[PDB]
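Asks: Let me give you the structure first, and then I'll get to my questions.
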Amino acid sequence: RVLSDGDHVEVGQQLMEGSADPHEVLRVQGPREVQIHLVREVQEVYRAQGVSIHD
Amino acid sequence: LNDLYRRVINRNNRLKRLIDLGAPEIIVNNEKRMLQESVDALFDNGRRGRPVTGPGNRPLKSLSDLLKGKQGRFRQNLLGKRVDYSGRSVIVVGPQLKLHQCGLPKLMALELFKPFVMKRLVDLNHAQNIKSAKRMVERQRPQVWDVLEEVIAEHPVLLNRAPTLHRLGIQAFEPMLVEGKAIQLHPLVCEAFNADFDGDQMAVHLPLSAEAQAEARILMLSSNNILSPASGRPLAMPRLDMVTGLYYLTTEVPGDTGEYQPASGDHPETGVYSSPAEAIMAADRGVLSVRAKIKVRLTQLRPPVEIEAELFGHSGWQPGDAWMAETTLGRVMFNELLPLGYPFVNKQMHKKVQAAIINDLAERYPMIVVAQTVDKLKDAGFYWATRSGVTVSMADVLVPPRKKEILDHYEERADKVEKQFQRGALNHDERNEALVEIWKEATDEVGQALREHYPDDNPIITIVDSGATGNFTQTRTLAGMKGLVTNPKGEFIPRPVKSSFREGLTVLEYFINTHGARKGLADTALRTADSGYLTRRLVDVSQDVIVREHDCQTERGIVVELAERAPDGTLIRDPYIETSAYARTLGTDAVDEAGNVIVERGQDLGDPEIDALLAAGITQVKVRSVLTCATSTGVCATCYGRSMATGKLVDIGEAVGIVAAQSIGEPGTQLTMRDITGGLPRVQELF
Amino acid sequence: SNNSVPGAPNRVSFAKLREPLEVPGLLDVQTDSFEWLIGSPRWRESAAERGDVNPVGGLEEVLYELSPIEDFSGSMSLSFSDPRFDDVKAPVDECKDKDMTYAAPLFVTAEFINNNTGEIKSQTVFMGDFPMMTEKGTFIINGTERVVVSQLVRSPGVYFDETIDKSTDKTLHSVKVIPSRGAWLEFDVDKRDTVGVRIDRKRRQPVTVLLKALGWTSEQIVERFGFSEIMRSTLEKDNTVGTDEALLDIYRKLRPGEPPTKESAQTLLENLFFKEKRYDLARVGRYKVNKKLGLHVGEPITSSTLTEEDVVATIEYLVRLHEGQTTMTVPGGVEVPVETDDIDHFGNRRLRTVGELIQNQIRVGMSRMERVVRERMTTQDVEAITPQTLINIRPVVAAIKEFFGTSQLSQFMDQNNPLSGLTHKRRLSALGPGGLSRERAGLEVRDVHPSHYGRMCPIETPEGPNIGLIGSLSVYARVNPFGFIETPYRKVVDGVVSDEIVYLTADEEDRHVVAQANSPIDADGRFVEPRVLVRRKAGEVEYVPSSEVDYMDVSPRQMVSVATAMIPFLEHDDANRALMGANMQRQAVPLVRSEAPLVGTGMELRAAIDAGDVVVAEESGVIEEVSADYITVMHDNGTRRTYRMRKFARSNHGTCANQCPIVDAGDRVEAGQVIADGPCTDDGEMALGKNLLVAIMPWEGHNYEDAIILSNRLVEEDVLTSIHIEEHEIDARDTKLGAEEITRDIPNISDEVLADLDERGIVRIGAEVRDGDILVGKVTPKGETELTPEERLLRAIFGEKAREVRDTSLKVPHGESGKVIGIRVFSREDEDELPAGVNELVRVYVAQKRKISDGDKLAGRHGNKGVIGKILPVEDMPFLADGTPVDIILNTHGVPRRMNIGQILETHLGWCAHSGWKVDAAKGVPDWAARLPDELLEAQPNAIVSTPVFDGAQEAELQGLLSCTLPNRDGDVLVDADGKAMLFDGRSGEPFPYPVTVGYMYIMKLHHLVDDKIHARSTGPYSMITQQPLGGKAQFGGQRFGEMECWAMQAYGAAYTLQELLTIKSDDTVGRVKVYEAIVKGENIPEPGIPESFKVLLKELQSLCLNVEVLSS
Amino acid sequence: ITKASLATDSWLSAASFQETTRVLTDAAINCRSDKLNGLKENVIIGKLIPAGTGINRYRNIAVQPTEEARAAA
Amino acid sequence: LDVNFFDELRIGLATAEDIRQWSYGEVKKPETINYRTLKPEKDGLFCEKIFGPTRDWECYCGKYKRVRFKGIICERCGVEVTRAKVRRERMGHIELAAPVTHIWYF
RNA sequence: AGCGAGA
Ligand SMILES: [Mg+2]
Ligand SMILES: [Zn+2]
Ligand SMILES: [Zn+2]
């Protein structure tokens, strides 16, 4: 469902559109979540052009 | 630099004299300030105030300018040096060479090996002593060629092609003499170098020490590096010509001569043949085409899994056993090239299928077999590509017959949008977007019409759809319509180009077109610069990530999702599983429905394991990774996982850091873009 | 009828349109500008035709602006006038030979006046040896040929820009007044609603402050500038009252550190702007300010300095633009539409041609000379001074010399082939003194601008790290007297397309509307259709208002340069491949024979004749006597003239400059006719390559990935071969020890090694030599050297001369060999003009005949390049049904995805040309052939044709022609309708299962020969301050094991080989001899030491007062 | 990544990397001693990298024939 | 010279005492080489008395010229007769009349 | 030091 005013949110749900700075996510969710974030984002940008790099 | 020193000494001496004579405070103070400025200029000229300039009005190279920058001492002379015992030449494809071989012109080899050949021809008494031998070689006396063949033998050599974007930019071959002045490279390694034969210059280096020769012969040998260190996909795989030849060989054409026909009541099937040899002997006659369905009694190729399981079941010893195979002769001739143990494939050889075959072959069989099979495959591919009958002619480029009707249909909408704008219905931006949408739709429509208009055997569709090279966008631009052309700012020209290159672009269409190509060429340069800088950064950060221990036994780990549960209830494999969970060591034992362990802790998690996990119905698996590695120094073998290149567990000395960084940087440039960044700048920001 | 020149090969063309204008004098860009600089009578007449109001030469202009000059008091003055040139001191060929610069004396009549008493003293002053331009359009400097390429630079004037401010998301406007050597004021508007000066890049202002500095009053500011609210805003915010106060604040801010005064402030501003001493806009600059602001549109131009009118109008325009007005009318000035300017628009990018560059350098030298004069005037005794003793010419001659040598825009001529030399002219480089450098240059200057159409080629461009900065002029482009680039357009009125041609600049095209050349005309001068294609102001190729399109494109191919205009079927090639093909048309080597292309373009001739490598009869007459060296022709009136050929002269890039006559001893020849062709010319047409039979099959992987396989026939019959001449120089200098000597007097020389050498220590002429052979025998005085006792004992064992004079003789560099064409002995003993110190300079010319082989780079004209994988015997070559073996076999896989099927089309057409055709017009003409020009329904075999660039052979016509391909010798058509034939395999013998595209392609031998690329190094010279042996094939190239190679080596885990490389292969000065010894004697390679670069680093860090120590442990 | 690199305990590598003047000034003020443990450093000074064939378990392998081989002699 | 005993590398500020300890001399004249005979000057920027002999194994004046005179200093010119390559190793120092501050730390 | 060029 599209995130809308009056909706209960999570502790990590991206509110708006666009990326988020990794410092903030680190401070909120510890080291593991920021690790997973960074790997996911870099892998995404690479995958977007069809180049395969192991995680 | 010496002059700066002279300035300092002059001013110091003058100061000494000024203090000695007894001078007003003003003069001596000024002289002291001058001495200060001189020492300043000496240690760093130009940092404060205008740089001290020399003849020609140029700053003097201060004593510190020797150290900084690209041209400083650190990154031109210490880590990167010019080296003796090296050569360079243009490269020409040689398909007659084995994968572990490279041509080397006679003069270049003679010069490179001049010490060794001297030694041998003095040992052989062709020359009395060293200096007579040196004279013998400097005039290339006829006797010094045979000795040269003797010495070069079994002496590995490295071949670099700048830039070395990744580890496979430099490989060791066994050199062989060739006549004229051109390093004859093996085609199958072309991709590894990304070296394509139109005036590339490949440098040659010659290992000397016993350790260096062992390293080159063992670690670096071209036949020992097939799989990419990045994603492990084979890099010696046939491509371009070979893949096309194999696609032509192994494809099936119904209705061809010598086909199978089970008709009875008048004659037998007349499609079966006693042995593959019989099939080739028939093909020599103008009877059997190589691409016809037939039934051959094979006695030397292993049947696929189902036929083995049915006819033999348990221990089918194929080298003597015989079985009836309903396939094309070309596929049989292909399957003879694979090792004995590999089952019969019986599939059309798209580049994808070739890649899968080579991957499985490397996973199972030892590397040497992989090299031999790949080389045989290259040979057959070239031969049958020659016979494939793929050529390009205007007549072979068929425009779509419905083009004009589509053009009219969509130009009508374009005129309608023009009219609506002329009545002020919408602003310039809105009508630009409307035209963009209308013309993109027209683009897709003509592309579909062209695709469905082509037959399958056409040279262009044959080359593109076999995976050999190129994409259908290029075909559609070639015949049909090129499309929307990019504004030099980056937007889309709403004209747009409506002409095929076969039909020939008009003057203005060409002028519009030039924008995009020029911008692409410009964008290549800056992007490769930034990519190189990024690789430098990543390498430095990871310059000290090397394996140290086999295992830390750390309980900690990460979780990877693998397949996601379907809403209807089903396990669909996650699309991006091949780069996430493959080649990883399980941190914890898998559990199924609170049942036994399908695969316990400490397994490489290769393809059968993931297949078993998917079949059993488990998604989340805890795998070990470098992130949660307990060992303080570097990482451990097990947590890092499988070496993608070697195909087995990592060694206790591998510099996985450098491999990592180079693998991240290698897809630079080919990493293109289409405000939040999303390209190489975005990667840079993330790191 | 091409006509063009008297001697004309009948190359029929597929053109549908007829050019109204012949292709201009492609070399005019240089010669006309230099003539303008001189003030030649030819330039005088040309300027008279089109603006006789003010014919003044560049020199004349410099002298005029310079003269008169006065001292500080004004008691005496000096003036210049009447520049003039004497006859050149020597002819072109001699100047080329003896290194001396082809130059003529320059004379100026000076005039010294004394105001106190009244006298005028005048005499010619001999400014110096001006370098002149040869007729071909190049200068000769130090013997070499040098060309002054045109520079692209932003014209001065007033430029308005607008940008959004992300901080407030508002459109803020700014203006730059760009002068020539001025001050750079800018009226920038910030997000805050206040307009403010930023004068000479110093910390902003309010504009009203400046205005009050000129002498404006607040009520006057409201009167002129009050209409806008920002102006009232800044008026109140100015909080600054009094003209004295305004000038005080400005003076405090402009030259701080000096004591403010109410006397030296008006002078400051007035000198800074309204004095020509420091703020010259030049003519183009002032013209642009006047046009853009519409102040003096009617008046002629002079006194480039500005007026307060100018600046106040600029502020007015800026504020109106910020308001959003469309048009403004200055009091007493024409209204002009208020709009923002562009930067890259060629109404702002002007061309500094050779004349402008040399004039600027002259002006700089003149400023220096005038400074010297003015300085010495304080110390000049009155009445004892005359101009000749007053003028010191040395700075001017020094400036011109240092310009023509080492100036960026004075480039070493590039005579790879006539086309390369031609295209080096007409080359516009955006980088140089006062231009954008590659680094600082952004990514937006490199891209095409819609204004480029007809003024600069979007296709031709370097592919390296230079794309965009350097381009080539369009064919029809002509340079504005103000330095802009004009293009021809036919004017059409009431839809009557007359032949009235008008040259329009960028701005004028922008105002009007221009059609396209290939818009069909009804033959009545009117458009046969509605919906005629059109371009407009902003550069948008948009749908068209039918009729009343004010202008049109003189012809197709107006947007292409000379190089790319020679690519047949260009319209079928992608821009990338066309760009490459144009680039590679400038790298073809001149072959021994040269053959004109079967398929080409109308430009194959004009390029050859304008390249100026080809002898053209000056006046008509009958050839009296012709020989291989010269042609003597008897003119129609008594007089006879002899053209002497140039035989095997070395060109600037080592190629041959051979000329051979093409006229017999009885022919009558008219003026403008070619009488002796050149390197890459065949009967007047540029022939850079050869027409070879080609197939498009992937053949056994030898033509893998754009690799090329050739018939040995091309080696046997010698259709691909190049002459290369290289010169080796050696000088007998003088030393403290003694002097070198060039003669057979050599130490320890074998009899044989001295056999080739003549008594004078010069190898015998026309002699075969090999790498290392003594070209010239020279010996240097050894002075004093401590000998070794072991050598003394040796010398005793042989009882021979110990000898002193050290041996250093000119020897063939490694990897070179050939015949000795010529030896030149320029000696001080012969009283030659040797540079100070050398006593005898000898140059030996060695020539080699290079044949085609593996590694050599070939390419067609459509970017289809490649090295030669193999050269098969003619027997195992695919041969057609008739038994003709193919010459080349390209790879099919390269065609589609490189998107350059023009070659394929060319291939088909080539075959059609080679076989010859005959359209079967038995029952009328075939429909597809209806539009074909006459005399194209029939063509004998080997009939040359031409397809113009954007108006050539339509694919339907190609199909039709390919259908009728009259048989070769017997009744058999080797190529079917499709263009593909059945080819027999040379090796197996069986015919190939499917037909193969076969035809004739025109390909070329590019100058990237393998012999010049192959290189090897085991041991040789090492660098000075560091080891790590010297790089470069020139010296002895040690191949750079750079950083990425180290990374790759580490990634393998290969450590010992890395250490070996970086220590004992490169740097370690002690290990190196040890590894050599081990190799020679067969022992284990020793252990590596410490590389010698680490210690130089240690010493340098220590030298920075950084105590660096290597602790043991 | 840049900061992580420049925070290493090896001034000879940081200096090789970037912004030479500042890094050397800092390391000098701290009397910092580089232990020469990374890869760039071992390259610069020209001794064997501690990776692959250079680490202390392979770099010093003892190789000798077998007693049976000595018996074959 | 140097060996594999490089276990630790140390960098630090060099005090004036250290600088004059490194130096083998004290250049005090701005003279490189004689314009005529092309030889280094005394106490110049290339002084053989400080940085060693230009050509190996002889002093400036030439009193000693062979290998057996290794490590000896000629009294006449003071040149230490040894290998020439040491000229890449030996440092000088200029005793500034007044103190100066190093730029890098400023 | 400066030019031009190949990949
Ligand atoms: Mg290439
Ligand atoms: Zn671990
Ligand atoms: Zn002495």
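Residues are referred to by chain and number: the chain letter is A, B, ... according to the order shown in the structure tokens, the number counts from 1 in that chain, and ligands are numbered separately from 1 in the order shown.
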Please write out the residues within 8 Å of ligand 3 as a ChimeraX atom specification, counting only C-alpha atoms (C1' of nucleotides) and all ligand atoms.

Replies: /E:58-64,73-79

Asks: Name each residue within 10 Å of ligand 2, counting only C-alpha atoms (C1' of nucleotides) and all ligand atoms, as an NGL selection string.

Replies: :B and (547-557 or 585 or 587 or 624-632 or 634-641)

Asks: Put those residues in a file: N, CA, C and O atoms, as a CSV table (one decimal), in the first residue's frame.

Replies:
chain,number,residue,atom,x,y,z
B,547,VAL,N,43.6,-13.4,3.5
B,547,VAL,CA,43.2,-14.5,4.4
B,547,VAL,C,44.3,-14.8,5.3
B,547,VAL,O,45.5,-14.7,5.0
B,548,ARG,N,43.9,-15.2,6.6
B,548,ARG,CA,44.9,-15.6,7.6
B,548,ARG,C,44.6,-17.0,8.2
B,548,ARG,O,45.6,-17.7,8.4
B,549,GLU,N,43.4,-17.3,8.5
B,549,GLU,CA,43.0,-18.5,9.1
B,549,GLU,C,42.1,-19.3,8.3
B,549,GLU,O,41.3,-18.8,7.4
B,550,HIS,N,42.1,-20.7,8.5
B,550,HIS,CA,41.1,-21.5,7.9
B,550,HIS,C,39.7,-21.3,8.4
B,550,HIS,O,38.7,-21.1,7.6
B,551,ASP,N,39.5,-21.2,9.7
B,551,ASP,CA,38.2,-21.1,10.3
B,551,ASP,C,38.4,-20.3,11.7
B,551,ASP,O,39.3,-20.6,12.4
B,552,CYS,N,37.4,-19.5,12.0
B,552,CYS,CA,37.3,-18.8,13.3
B,552,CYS,C,36.3,-19.5,14.1
B,552,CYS,O,36.2,-19.2,15.3
B,553,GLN,N,35.4,-20.4,13.6
B,553,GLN,CA,34.3,-21.0,14.3
B,553,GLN,C,33.3,-20.0,14.9
B,553,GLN,O,32.6,-20.4,15.8
B,554,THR,N,33.3,-18.8,14.4
B,554,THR,CA,32.4,-17.8,14.9
B,554,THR,C,30.9,-18.2,14.6
B,554,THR,O,30.6,-18.5,13.5
B,555,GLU,N,30.1,-18.2,15.6
B,555,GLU,CA,28.7,-18.5,15.5
B,555,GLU,C,28.0,-17.4,14.6
B,555,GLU,O,27.1,-17.8,13.9
B,556,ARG,N,28.4,-16.2,14.7
B,556,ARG,CA,27.7,-15.1,14.1
B,556,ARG,C,27.7,-15.3,12.6
B,556,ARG,O,28.5,-16.0,12.0
B,557,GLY,N,26.7,-14.7,11.9
B,557,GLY,CA,26.5,-14.8,10.5
B,557,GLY,C,25.4,-13.9,10.0
B,557,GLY,O,24.8,-13.1,10.8
B,585,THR,N,29.5,-20.2,2.8
B,585,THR,CA,29.6,-21.3,3.7
B,585,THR,C,28.5,-21.1,4.8
B,585,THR,O,28.3,-20.0,5.4
B,587,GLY,N,26.4,-20.9,8.0
B,587,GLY,CA,26.8,-20.7,9.4
B,587,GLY,C,26.1,-21.6,10.4
B,587,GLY,O,26.6,-22.0,11.4
B,624,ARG,N,27.8,-17.7,6.6
B,624,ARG,CA,28.9,-17.0,7.2
B,624,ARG,C,29.4,-16.0,6.1
B,624,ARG,O,29.4,-16.3,4.9
B,625,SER,N,30.0,-14.9,6.6
B,625,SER,CA,30.5,-13.8,5.7
B,625,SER,C,31.6,-13.1,6.4
B,625,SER,O,31.8,-13.2,7.6
B,626,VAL,N,32.4,-12.4,5.6
B,626,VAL,CA,33.5,-11.6,6.1
B,626,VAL,C,33.0,-10.6,7.1
B,626,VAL,O,33.7,-10.3,8.1
B,627,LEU,N,31.8,-10.1,7.0
B,627,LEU,CA,31.3,-9.1,7.9
B,627,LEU,C,31.4,-9.5,9.3
B,627,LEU,O,32.0,-8.9,10.2
B,628,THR,N,30.8,-10.7,9.6
B,628,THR,CA,30.8,-11.3,11.0
B,628,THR,C,31.9,-12.3,11.1
B,628,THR,O,31.7,-13.5,11.4
B,629,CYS,N,33.1,-11.9,10.8
B,629,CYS,CA,34.3,-12.7,11.0
B,629,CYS,C,35.0,-12.3,12.3
B,629,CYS,O,35.4,-11.1,12.5
B,630,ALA,N,35.3,-13.3,13.1
B,630,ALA,CA,35.9,-13.0,14.4
B,630,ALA,C,37.4,-12.8,14.3
B,630,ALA,O,37.9,-12.1,15.2
B,631,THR,N,38.1,-13.3,13.4
B,631,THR,CA,39.5,-13.2,13.3
B,631,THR,C,39.9,-11.7,13.2
B,631,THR,O,39.3,-11.0,12.3
B,632,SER,N,40.8,-11.2,14.0
B,632,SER,CA,41.1,-9.8,14.0
B,632,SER,C,41.8,-9.4,12.7
B,632,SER,O,41.4,-8.4,12.0
B,634,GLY,N,42.8,-9.5,8.9
B,634,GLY,CA,42.2,-10.0,7.7
B,634,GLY,C,40.9,-10.8,7.9
B,634,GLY,O,40.1,-10.4,8.8
B,635,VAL,N,40.7,-11.9,7.2
B,635,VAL,CA,39.5,-12.7,7.4
B,635,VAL,C,40.0,-14.2,7.3
B,635,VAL,O,41.2,-14.5,7.0
B,636,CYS,N,39.1,-15.1,7.6
B,636,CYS,CA,39.3,-16.5,7.6
B,636,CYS,C,38.8,-17.1,6.2
B,636,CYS,O,38.0,-16.5,5.6
B,637,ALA,N,39.3,-18.3,5.9
B,637,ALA,CA,38.9,-18.9,4.7
B,637,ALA,C,37.4,-19.2,4.7
B,637,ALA,O,36.7,-18.8,3.7
B,638,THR,N,36.9,-19.8,5.7
B,638,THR,CA,35.6,-20.3,5.7
B,638,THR,C,34.6,-19.1,5.6
B,638,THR,O,33.6,-19.2,4.9
B,639,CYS,N,34.8,-18.1,6.5
B,639,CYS,CA,33.8,-17.0,6.5
B,639,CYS,C,33.8,-16.3,5.1
B,639,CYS,O,32.7,-15.9,4.7
B,640,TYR,N,35.0,-16.1,4.5
B,640,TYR,CA,35.0,-15.5,3.2
B,640,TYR,C,34.2,-16.3,2.2
B,640,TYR,O,33.4,-15.7,1.5
B,641,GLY,N,34.3,-17.6,2.2
B,641,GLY,CA,33.6,-18.5,1.3
B,641,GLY,C,34.5,-19.1,0.2
B,641,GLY,O,35.7,-19.2,0.4

Asks: Rounded to one decimal place, report the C1' of residue 4 in chain F-CA of residue 867 in chain C distance in Å.

Replies: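 These two atoms are separated by 22.7 Å.
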
Asks: Taking only C-alpha atoms (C1' of nucleotides) and all ligand atoms into account, report as a PDB file with N, CA and C atoms (P, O5', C5', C4', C3', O3' and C1' of nucleotides), in the first residue's frame which residues have an atom no farther than 6 Å from an atom of ligand 1.

Replies:
ATOM      1  N   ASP B 196      41.021  -6.193 -28.763  1.00  0.00           N
ATOM      2  CA  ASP B 196      40.358  -6.468 -30.029  1.00  0.00           C
ATOM      3  C   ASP B 196      41.183  -5.921 -31.201  1.00  0.00           C
ATOM      4  N   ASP B 198      42.568  -4.364 -33.782  1.00  0.00           N
ATOM      5  CA  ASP B 198      42.618  -3.198 -34.680  1.00  0.00           C
ATOM      6  C   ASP B 198      43.639  -2.166 -34.187  1.00  0.00           C
ATOM      7  N   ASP B 200      45.682  -2.535 -31.119  1.00  0.00           N
ATOM      8  CA  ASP B 200      46.057  -2.610 -29.722  1.00  0.00           C
ATOM      9  C   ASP B 200      47.515  -3.038 -29.687  1.00  0.00           C
TER      10      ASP B 200
ATOM     11  P     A F   7      42.472   4.088 -32.617  1.00  0.00           P
ATOM     12  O5'   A F   7      42.699   3.154 -31.362  1.00  0.00           O
ATOM     13  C5'   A F   7      43.147   1.832 -31.560  1.00  0.00           C
ATOM     14  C4'   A F   7      43.556   1.204 -30.263  1.00  0.00           C
ATOM     15  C3'   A F   7      42.489   1.156 -29.189  1.00  0.00           C
ATOM     16  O3'   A F   7      41.556   0.107 -29.381  1.00  0.00           O
ATOM     17  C1'   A F   7      44.526   1.894 -28.257  1.00  0.00           C
TER      18        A F   7
END

Asks: Given a cut-off of 12 Å, which residues of chain B touch chain E, counting only C-alpha atoms, written out as number ranges by chain?

Replies: B: 1-20, 28-29, 31-48, 64

Asks: Where in range 435-527 of chain B does DSSP assign alpha helix (DSSP H), given as an NGL selection string?

Replies: :B and (435-453 or 459-465 or 472-478 or 507-527)

Asks: Counting only C-alpha atoms, which residues of range 477-590 of chain C sit at most 6 Å from some atom of range 496-516 of chain B, and what is each one's closest atom pair with its distance in Å to one decimal, listed by chain and rising residue number, as a tab-separated table?

Replies:
residue	atom	partner	partner_atom	distance
C:571	CA	B:504	CA	5.3
C:572	CA	B:501	CA	4.7
C:575	CA	B:514	CA	5.7

Asks: Neighbouring residues of range 424-438 of chain B were defined as those with any atom within 9 Å, considering only C-alpha atoms (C1' of nucleotides); residues of the same chain fewer than 3 positions away were excluded. Please report them as a list in words.

Replies: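 The residues satisfying every condition are residues 410, 411, 413, 414, 417, 418, 419, 420, 421, 441, 442, 443, 484, 492, 493, 494, 495 and 496 of chain B.
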
Asks: For the residues selected in the previous step, produce a file with N, CA and C atoms as a CSV table (one decimal), in the first residue's frame.

Replies:
chain,number,residue,atom,x,y,z
B,410,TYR,N,0.9,7.3,-36.8
B,410,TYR,CA,1.4,8.0,-35.7
B,410,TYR,C,1.7,9.5,-36.0
B,411,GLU,N,2.1,9.8,-37.2
B,411,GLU,CA,2.1,11.2,-37.6
B,411,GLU,C,0.8,11.9,-37.5
B,413,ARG,N,-1.4,11.4,-35.1
B,413,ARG,CA,-1.4,11.8,-33.7
B,413,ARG,C,-0.5,13.0,-33.4
B,414,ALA,N,0.7,12.9,-34.1
B,414,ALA,CA,1.6,14.0,-33.9
B,414,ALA,C,1.0,15.4,-34.4
B,417,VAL,N,-1.5,16.6,-31.9
B,417,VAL,CA,-0.9,17.3,-30.8
B,417,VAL,C,-0.4,18.7,-31.2
B,418,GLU,N,0.2,18.8,-32.4
B,418,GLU,CA,0.6,20.1,-32.9
B,418,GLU,C,-0.6,21.0,-32.9
B,419,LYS,N,-1.7,20.6,-33.4
B,419,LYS,CA,-2.9,21.4,-33.5
B,419,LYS,C,-3.4,21.8,-32.1
B,420,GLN,N,-3.4,20.9,-31.2
B,420,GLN,CA,-3.9,21.2,-29.8
B,420,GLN,C,-2.9,22.2,-29.2
B,421,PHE,N,-1.6,22.1,-29.4
B,421,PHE,CA,-0.7,23.1,-28.9
B,421,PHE,C,-1.0,24.5,-29.6
B,441,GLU,N,6.0,5.2,-28.7
B,441,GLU,CA,5.1,4.1,-29.0
B,441,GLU,C,5.3,3.7,-30.4
B,442,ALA,N,5.3,4.7,-31.4
B,442,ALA,CA,5.6,4.3,-32.8
B,442,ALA,C,6.9,3.5,-32.9
B,443,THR,N,7.9,3.8,-32.0
B,443,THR,CA,9.1,3.1,-32.0
B,443,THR,C,8.9,1.7,-31.7
B,484,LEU,N,14.0,8.4,-31.3
B,484,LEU,CA,14.2,9.6,-30.7
B,484,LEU,C,15.7,9.8,-30.5
B,492,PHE,N,15.2,14.7,-25.1
B,492,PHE,CA,14.9,14.0,-26.3
B,492,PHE,C,14.4,15.0,-27.4
B,493,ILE,N,15.0,15.0,-28.6
B,493,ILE,CA,14.5,15.8,-29.7
B,493,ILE,C,13.1,15.3,-30.1
B,494,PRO,N,12.1,16.2,-30.0
B,494,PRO,CA,10.8,15.7,-30.4
B,494,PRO,C,10.5,15.6,-31.9
B,495,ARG,N,11.5,15.6,-32.7
B,495,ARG,CA,11.3,15.6,-34.2
B,495,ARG,C,10.4,14.4,-34.6
B,496,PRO,N,10.9,13.2,-34.5
B,496,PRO,CA,12.2,12.6,-34.2
B,496,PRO,C,12.8,12.0,-35.5

Asks: When you look at residue 294 in chain C with a cut-off of 12 Å (counting only C-alpha atoms (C1' of nucleotides)), what residues show up, excluding the ones that are within fewer than 4 positions of it in the same chain? I need them as a ChimeraX atom specification.

Replies: /C:286-290,298-299,309-310,313-314,317,327-338

Asks: For the atom pair CA of residue 746 in chain C and CA of residue 111 in chain B, what is the interatomic distance in Å to one decimal place?

Replies: 27.8 Å
